[PDB]
Amino acid sequence: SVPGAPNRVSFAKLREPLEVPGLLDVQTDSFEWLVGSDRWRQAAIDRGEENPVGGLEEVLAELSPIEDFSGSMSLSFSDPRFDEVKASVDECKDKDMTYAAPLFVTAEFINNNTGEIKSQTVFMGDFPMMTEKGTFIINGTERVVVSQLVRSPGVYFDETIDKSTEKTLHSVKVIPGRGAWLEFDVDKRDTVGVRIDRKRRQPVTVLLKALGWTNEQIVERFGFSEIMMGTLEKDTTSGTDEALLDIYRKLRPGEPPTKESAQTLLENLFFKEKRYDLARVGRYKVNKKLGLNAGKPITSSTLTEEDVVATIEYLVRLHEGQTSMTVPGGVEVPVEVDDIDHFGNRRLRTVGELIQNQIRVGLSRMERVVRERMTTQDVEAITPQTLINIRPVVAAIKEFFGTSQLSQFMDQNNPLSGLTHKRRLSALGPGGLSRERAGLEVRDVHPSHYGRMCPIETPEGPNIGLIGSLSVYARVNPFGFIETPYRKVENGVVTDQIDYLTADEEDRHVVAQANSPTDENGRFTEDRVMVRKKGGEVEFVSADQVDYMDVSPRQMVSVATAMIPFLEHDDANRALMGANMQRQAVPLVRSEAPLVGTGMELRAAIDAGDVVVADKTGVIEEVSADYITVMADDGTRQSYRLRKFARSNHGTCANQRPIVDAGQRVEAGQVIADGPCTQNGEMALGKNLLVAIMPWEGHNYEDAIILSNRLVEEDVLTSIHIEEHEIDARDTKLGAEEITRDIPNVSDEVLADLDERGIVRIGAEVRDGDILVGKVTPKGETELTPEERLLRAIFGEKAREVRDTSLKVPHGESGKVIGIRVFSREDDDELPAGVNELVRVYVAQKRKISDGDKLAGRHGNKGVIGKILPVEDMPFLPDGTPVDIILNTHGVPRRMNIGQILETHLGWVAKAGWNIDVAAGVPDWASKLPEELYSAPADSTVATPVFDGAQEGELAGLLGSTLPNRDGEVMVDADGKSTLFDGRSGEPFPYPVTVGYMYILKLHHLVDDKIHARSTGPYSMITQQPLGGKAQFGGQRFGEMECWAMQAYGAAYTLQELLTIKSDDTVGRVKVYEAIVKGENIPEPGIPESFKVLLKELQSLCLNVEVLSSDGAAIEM
Amino acid sequence: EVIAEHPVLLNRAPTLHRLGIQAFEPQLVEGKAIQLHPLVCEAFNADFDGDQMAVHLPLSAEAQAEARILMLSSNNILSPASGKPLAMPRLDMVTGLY
Amino acid sequence: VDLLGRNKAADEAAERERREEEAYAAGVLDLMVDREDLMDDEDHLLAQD
Ligand SMILES: [Mg+2]
């Protein structure tokens, strides 16, 4: 499909009826809806939806008209419009600006007395805009807003077990989009009550009467249930007014018992749409569940007395065990409890809806000021400009993009990491679930996740289960529910019709498995087929009972999980580990696509956006490392600037490079420049290299890994890492700090590489302790000691009042300076208050693979390099080729991740071409293979989808059809094993060893940034203990369990020195340091300050405490 | 010259049993990863797939003697829970001897 | 019993016992290792979470 797609032969045997949709739609569609772009308008009206309203249009219409308390004044908003962005994305990133566009809305002031209308256009501020990649730019940093999973504004019934009596208690709560809650429950004594606005419980009959129902009507409607009649009998309230007064005094205990307010508050609490709203999704859910207004259009989202009575009837029917209910005027609906974890109840707040809510809050704040100062300015001399205060809305938008929990720095470790970050589904966040209520129950795989949330992919951190990844084929219902496609099946023949179903509606049909065998016409060729039914149960049903089928086997998995070959053979835990480790790969200096992979790796590469794609067909006029110029067929000229050695958010290098030649023809959408971690426009997260599966002298013992020195000499696993140091000069109580080259008391050996401005020159190499930016700060009173004055005298030191605070390379860091960015308010640049100049320095280094670095495959097999062997020591094949990596045999079987062996065998088959004989007909094991796989040359990449790829029999047959080597001798036998020689001894190994090619990748857990040490350093002022963390140069923790272990050893002295000398004991610490440096034996400790102060306090309490020596001897000190 | 004959304690949290802290005689190695004797892995419940370890330096003479005598790894062959040996061949070492 | 009722009876020793037991559980949770200074190969669920 992609014009520049390399030919990767595929093992798939099933034809996909639906292509994978745009993977970033989950963001772009939402933002288009928010801004009401014409594209979204057309795509929505195509659905038969008349006059779609954008998010901003919806919010503005809901906000207006704002009417004065007297009705003589009014204000209205409409017609939101957007102009061109101030600057391009790259310029904004380069200048620490925010990618935003002006927002204008037409505002009309109306005076109802004289009829004056004042209509103008009001600037509402700079609204941040989304880029083509589905991300935002704020203050120069790239950020992503992740979708949030939240409970929908429906009505939810449930049953629980009473803690005291162990009885069954049924309850219901009405959850609105905006407003107060309403809930009912049957007590353990069979008493039906209602809680209004979470307040104290009271009989439901009180609420029923307050709505105007008389005792006769209540008896008639609820006579079927004895508990309701008993509650009414025991209800000591009569008449509508008395019940209204009771409710009013319940909700407003401190207000006078006036009848007018008592009647008004109830109407204004639920039933009038000013302060209560179900948001057009809560209304839909309530109508569907209770069977109200069947077939009617959604006219209003307000609550009505009819549905409250219906909810009470539903609760009463549920308590008494009835299964079906019919409401007067409605349609029959089953009576059952609600599983809040079911995606028929959970909905998705996309970026658009979150920004809409923030804008709603801002405009709500604005409305108060507008209506307040409507009553303070002279009438008829009041334009919209005079009272439209846009500060609150801009402040709200800035706060959301700067401090909200959903807007996060994009995970820019590699293209796959960023792509999978944009498609997150986060249950945690404001309006989600409570911080301390994230129990193990919610973070579990419900059956409804199938086809809309991947069960394998999830972070390893504390958010396991709380954060998910959207599936490849899923999409978002305009109500926010996640839909997924299915093929319609009729009379047992699979049809090309595809319908999108939500989890709520999927349970009403029987869904067959994706890869069920079928004939050319589509009819099933089996009597019984595996299907999923209402409860998520998998069973076997006749061929005439199926209703739908999955579009493809890859429906359940996500983008990352779709890139693990032979995913059948890996356990769920190891698949999870591999999927998450794919997100931690660090881009290498030269990327290389895997020999054996999946067809997804192409699309995922393009949809990530890091690859440059030609917009229009044309000829490559000029190509260079920095930019590509294309002349379109229509005469238009395009220029694409490539980003070179740009530092990602996580310190990885984002270097791009072109893959086209001058004069070449490129089709529309063709990839013209490789991304940071792709080759020819497809994912290249790692390197494919030769692996032998055998233990080796114990160097690969306990999941360790052995590497050949070749990988160090050829820069196979080398990666470039860039660090950004920062400093600034601020105003102080003694004055302003200064950046200078004349820093005091340093030899010329130290500042040789500093420029005139005092900043390290570009291109110079720096090592830990080297000065980067020379900075000096004013000091206070000197008051030299006699010794210091003598030193001034004997060196002729003229008085100066500055102290050195120059920026220096942190401990254990080095590299070459590649860039400097300097800002200063004198150049009108925006800076923090009380700051004059700011400097940022970029230091780049070329890290090779070393001992301790973490490597891993795609199947969850991970380890650390325990040894790097000389090339001559590695076991080598009979032709002299030395293997690159050795993996221990004992780690494969018990981990249940045998898919790595499949990858090894298929990679060997791919590296050396194969040729299946057809002289006497196709071999019986080659019947299912497509003809395209009957032959292939060396280094021929192959594809094996996750759930439809190479079979065991096909792979076993292919292993014996590989082409010979240069000399004509086959290295690997039909079993995938080869006879390896010993590099050291030279004798052949007694038994053949499994050999092949494995795709392994370098994780971002390098030892260079994990080693830490501390003899003495800074200390915390609050608690006097050593600081914590590598950045602060802190010490290691010594917990209570370590103290228990030391006590169990009987090592009293070691524990004492750990708790006192190496801890908050200043005098002892200094004494021990002095003794060590001077060679004196370590002084003994004793009598800490805490005991001294405790003893002093005890004495202050007139308690004659004293310390005595021996078993009854005199005092000491 | 300084590092010779100066034991250091190795620890890996959590410390469920006293053998979680053990003294070793340090020797300098290139690179940045600590090298741990295989036979003590079972004691530390550590595998070489990404685990880290903490090192503490005894200072006083009494502390050095305690580490050299009470806490030395070679002196803790037997587990304290049941007296059965703990630093014995495992995994690869078994397969060879078998 | 309906006519007389109860004089808003409350218990004090039971509340003290509950408070002490909850404090002991909090101390037990604090005794465990924190996420800031784990030594495992990768982050994982802790009891405190
Ligand atoms: Mg581990």
# chains A, B, ... in the order shown; residues from 1 in each chain; ligands from 1
>>> interface_residues(of="chain C", to="chain A", cutoff="12 Å", atoms="only C-alpha atoms", output="PyMOL selection string")
chain C and resi 27-28+30-49
>>> residues_near_ligand(ligand="ligand 1", cutoff="7 Å", atoms="only C-alpha atoms and all ligand atoms", output="VMD selection string")
(chain B and resid 46 to 51) or (chain C and resid 40 to 41)
>>> write_last_selection(atoms="N, CA and C atoms", output="PDB file, in the first residue's frame")
ATOM      1  N   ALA B  46      19.142 -12.893  44.398  1.00  0.00           N
ATOM      2  CA  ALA B  46      19.482 -11.986  43.313  1.00  0.00           C
ATOM      3  C   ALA B  46      19.713 -12.764  42.027  1.00  0.00           C
ATOM      4  N   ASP B  47      19.249 -12.200  40.915  1.00  0.00           N
ATOM      5  CA  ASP B  47      19.524 -12.730  39.589  1.00  0.00           C
ATOM      6  C   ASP B  47      20.119 -11.623  38.732  1.00  0.00           C
ATOM      7  N   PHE B  48      20.996 -12.013  37.812  1.00  0.00           N
ATOM      8  CA  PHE B  48      21.720 -11.054  36.977  1.00  0.00           C
ATOM      9  C   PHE B  48      20.903 -10.696  35.733  1.00  0.00           C
ATOM     10  N   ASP B  49      19.749 -10.070  35.979  1.00  0.00           N
ATOM     11  CA  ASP B  49      18.887  -9.586  34.907  1.00  0.00           C
ATOM     12  C   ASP B  49      18.536  -8.114  35.089  1.00  0.00           C
ATOM     13  N   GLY B  50      19.275  -7.398  35.935  1.00  0.00           N
ATOM     14  CA  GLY B  50      19.021  -5.989  36.162  1.00  0.00           C
ATOM     15  C   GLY B  50      19.063  -5.591  37.622  1.00  0.00           C
ATOM     16  N   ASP B  51      19.260  -6.559  38.515  1.00  0.00           N
ATOM     17  CA  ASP B  51      19.284  -6.262  39.940  1.00  0.00           C
ATOM     18  C   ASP B  51      20.470  -5.372  40.288  1.00  0.00           C
TER      19      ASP B  51
ATOM     20  N   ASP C  40      15.354  -3.958  42.588  1.00  0.00           N
ATOM     21  CA  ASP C  40      14.940  -4.935  41.594  1.00  0.00           C
ATOM     22  C   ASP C  40      15.212  -4.416  40.185  1.00  0.00           C
ATOM     23  N   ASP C  41      15.189  -5.341  39.222  1.00  0.00           N
ATOM     24  CA  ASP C  41      15.545  -4.997  37.850  1.00  0.00           C
ATOM     25  C   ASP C  41      14.591  -3.984  37.234  1.00  0.00           C
TER      26      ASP C  41
END
>>> interface_residues(of="chain A", to="chain B", cutoff="7 Å", atoms="only C-alpha atoms", output="PyMOL selection string")
chain A and resi 701-704+851-852+854+862-864+1007+1011+1041-1042+1045-1046+1048-1049+1051+1053-1054+1082
>>> residues_around(residues="residue A:557", least_positions_apart="6", cutoff="10 Å", atoms="only C-alpha atoms", output="PyMOL selection string")
chain A and resi 450-457+469-473+563+946-947
>>> residues_around(residues="residue B:77", least_positions_apart="5", cutoff="6 Å", atoms="only C-alpha atoms", output="mmCIF file with C-alpha atoms, in the first residue's frame")
data_model
loop_
_atom_site.group_PDB
_atom_site.id
_atom_site.type_symbol
_atom_site.label_atom_id
_atom_site.label_comp_id
_atom_site.auth_asym_id
_atom_site.auth_seq_id
_atom_site.Cartn_x
_atom_site.Cartn_y
_atom_site.Cartn_z
ATOM 1 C CA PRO B 85 23.788 -25.739 53.306
ATOM 2 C CA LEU B 86 22.811 -22.637 51.340
ATOM 3 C CA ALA B 87 25.922 -21.816 49.267
#
>>> atom_distance(atom1="atom CA of residue A:176", atom2="atom CA of residue A:349")
15.2 Å
>>> atom_distance(atom1="atom CA of residue A:142", atom2="atom CA of residue A:642")
17.4 Å
>>> residues_around(residues="residue B:5", least_positions_apart="4", cutoff="10 Å", atoms="only C-alpha atoms", output="PyMOL selection string")
chain B and resi 1+24-27+64+68
>>> decode(residues="stretch 12-96 of chain B", atoms="C-alpha atoms", output="PDB file, in the first residue's frame")
ATOM      1  CA  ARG B  12      20.218  -6.251  48.730  1.00  0.00           C
ATOM      2  CA  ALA B  13      16.943  -4.968  50.148  1.00  0.00           C
ATOM      3  CA  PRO B  14      14.641  -6.312  51.412  1.00  0.00           C
ATOM      4  CA  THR B  15      16.674  -8.146  54.079  1.00  0.00           C
ATOM      5  CA  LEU B  16      14.391 -11.030  55.025  1.00  0.00           C
ATOM      6  CA  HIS B  17      17.124 -13.048  56.775  1.00  0.00           C
ATOM      7  CA  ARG B  18      20.491 -12.192  58.270  1.00  0.00           C
ATOM      8  CA  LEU B  19      22.383 -13.570  55.261  1.00  0.00           C
ATOM      9  CA  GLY B  20      21.070 -10.601  53.258  1.00  0.00           C
ATOM     10  CA  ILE B  21      24.151  -8.654  54.393  1.00  0.00           C
ATOM     11  CA  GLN B  22      27.483 -10.384  53.814  1.00  0.00           C
ATOM     12  CA  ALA B  23      31.102  -9.252  53.938  1.00  0.00           C
ATOM     13  CA  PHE B  24      33.479  -9.785  51.016  1.00  0.00           C
ATOM     14  CA  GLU B  25      37.111  -8.998  50.283  1.00  0.00           C
ATOM     15  CA  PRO B  26      37.049  -6.348  47.524  1.00  0.00           C
ATOM     16  CA  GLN B  27      39.244  -6.415  44.431  1.00  0.00           C
ATOM     17  CA  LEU B  28      39.316  -3.744  41.745  1.00  0.00           C
ATOM     18  CA  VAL B  29      37.706  -4.476  38.377  1.00  0.00           C
ATOM     19  CA  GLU B  30      37.321  -2.398  35.240  1.00  0.00           C
ATOM     20  CA  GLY B  31      33.931  -1.173  34.134  1.00  0.00           C
ATOM     21  CA  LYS B  32      31.154  -0.117  36.483  1.00  0.00           C
ATOM     22  CA  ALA B  33      29.188  -3.278  37.359  1.00  0.00           C
ATOM     23  CA  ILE B  34      29.827  -5.145  40.602  1.00  0.00           C
ATOM     24  CA  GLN B  35      30.918  -8.767  40.200  1.00  0.00           C
ATOM     25  CA  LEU B  36      29.169 -11.152  42.595  1.00  0.00           C
ATOM     26  CA  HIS B  37      30.093 -14.747  43.348  1.00  0.00           C
ATOM     27  CA  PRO B  38      27.415 -17.098  41.947  1.00  0.00           C
ATOM     28  CA  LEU B  39      27.177 -19.319  45.037  1.00  0.00           C
ATOM     29  CA  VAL B  40      25.842 -16.431  47.158  1.00  0.00           C
ATOM     30  CA  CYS B  41      22.997 -15.558  44.769  1.00  0.00           C
ATOM     31  CA  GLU B  42      20.619 -17.917  46.575  1.00  0.00           C
ATOM     32  CA  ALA B  43      21.471 -16.148  49.833  1.00  0.00           C
ATOM     33  CA  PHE B  44      20.814 -12.715  48.309  1.00  0.00           C
ATOM     34  CA  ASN B  45      17.813 -13.824  46.202  1.00  0.00           C
ATOM     35  CA  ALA B  46      19.482 -11.986  43.313  1.00  0.00           C
ATOM     36  CA  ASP B  47      19.524 -12.730  39.589  1.00  0.00           C
ATOM     37  CA  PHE B  48      21.720 -11.054  36.977  1.00  0.00           C
ATOM     38  CA  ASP B  49      18.887  -9.586  34.907  1.00  0.00           C
ATOM     39  CA  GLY B  50      19.021  -5.989  36.162  1.00  0.00           C
ATOM     40  CA  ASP B  51      19.284  -6.262  39.940  1.00  0.00           C
ATOM     41  CA  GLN B  52      21.348  -3.737  41.890  1.00  0.00           C
ATOM     42  CA  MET B  53      23.274  -4.089  45.136  1.00  0.00           C
ATOM     43  CA  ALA B  54      24.488  -1.744  47.875  1.00  0.00           C
ATOM     44  CA  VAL B  55      27.999  -1.644  49.346  1.00  0.00           C
ATOM     45  CA  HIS B  56      28.926  -0.391  52.826  1.00  0.00           C
ATOM     46  CA  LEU B  57      32.439   0.224  54.140  1.00  0.00           C
ATOM     47  CA  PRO B  58      33.315  -0.688  57.751  1.00  0.00           C
ATOM     48  CA  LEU B  59      35.466   2.047  59.296  1.00  0.00           C
ATOM     49  CA  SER B  60      36.529   1.202  62.852  1.00  0.00           C
ATOM     50  CA  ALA B  61      38.803  -1.688  63.778  1.00  0.00           C
ATOM     51  CA  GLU B  62      35.989  -3.433  65.653  1.00  0.00           C
ATOM     52  CA  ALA B  63      33.720  -3.112  62.612  1.00  0.00           C
ATOM     53  CA  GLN B  64      36.404  -4.541  60.319  1.00  0.00           C
ATOM     54  CA  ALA B  65      36.991  -7.467  62.680  1.00  0.00           C
ATOM     55  CA  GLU B  66      33.246  -8.126  62.892  1.00  0.00           C
ATOM     56  CA  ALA B  67      32.912  -8.091  59.101  1.00  0.00           C
ATOM     57  CA  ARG B  68      36.040 -10.214  58.666  1.00  0.00           C
ATOM     58  CA  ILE B  69      34.963 -12.847  61.224  1.00  0.00           C
ATOM     59  CA  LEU B  70      31.214 -12.758  61.878  1.00  0.00           C
ATOM     60  CA  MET B  71      29.933 -11.602  58.479  1.00  0.00           C
ATOM     61  CA  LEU B  72      32.398 -13.159  56.020  1.00  0.00           C
ATOM     62  CA  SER B  73      30.613 -15.009  53.227  1.00  0.00           C
ATOM     63  CA  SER B  74      32.753 -18.152  53.471  1.00  0.00           C
ATOM     64  CA  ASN B  75      31.725 -18.526  57.136  1.00  0.00           C
ATOM     65  CA  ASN B  76      27.977 -18.559  56.329  1.00  0.00           C
ATOM     66  CA  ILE B  77      27.653 -21.713  54.222  1.00  0.00           C
ATOM     67  CA  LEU B  78      24.724 -23.056  56.273  1.00  0.00           C
ATOM     68  CA  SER B  79      21.310 -21.427  56.485  1.00  0.00           C
ATOM     69  CA  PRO B  80      20.218 -20.429  60.017  1.00  0.00           C
ATOM     70  CA  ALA B  81      16.602 -21.566  59.585  1.00  0.00           C
ATOM     71  CA  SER B  82      17.345 -25.294  59.316  1.00  0.00           C
ATOM     72  CA  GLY B  83      21.143 -25.713  59.237  1.00  0.00           C
ATOM     73  CA  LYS B  84      21.114 -27.070  55.688  1.00  0.00           C
ATOM     74  CA  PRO B  85      23.788 -25.739  53.306  1.00  0.00           C
ATOM     75  CA  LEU B  86      22.811 -22.637  51.340  1.00  0.00           C
ATOM     76  CA  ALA B  87      25.922 -21.816  49.267  1.00  0.00           C
ATOM     77  CA  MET B  88      25.983 -24.995  47.189  1.00  0.00           C
ATOM     78  CA  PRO B  89      25.927 -25.767  43.454  1.00  0.00           C
ATOM     79  CA  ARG B  90      22.831 -24.601  41.592  1.00  0.00           C
ATOM     80  CA  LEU B  91      21.426 -24.330  38.068  1.00  0.00           C
ATOM     81  CA  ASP B  92      24.308 -24.744  35.598  1.00  0.00           C
ATOM     82  CA  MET B  93      26.640 -26.189  38.226  1.00  0.00           C
ATOM     83  CA  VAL B  94      24.173 -29.022  38.847  1.00  0.00           C
ATOM     84  CA  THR B  95      23.670 -29.859  35.169  1.00  0.00           C
ATOM     85  CA  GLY B  96      27.406 -30.287  34.695  1.00  0.00           C
TER      86      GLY B  96
END
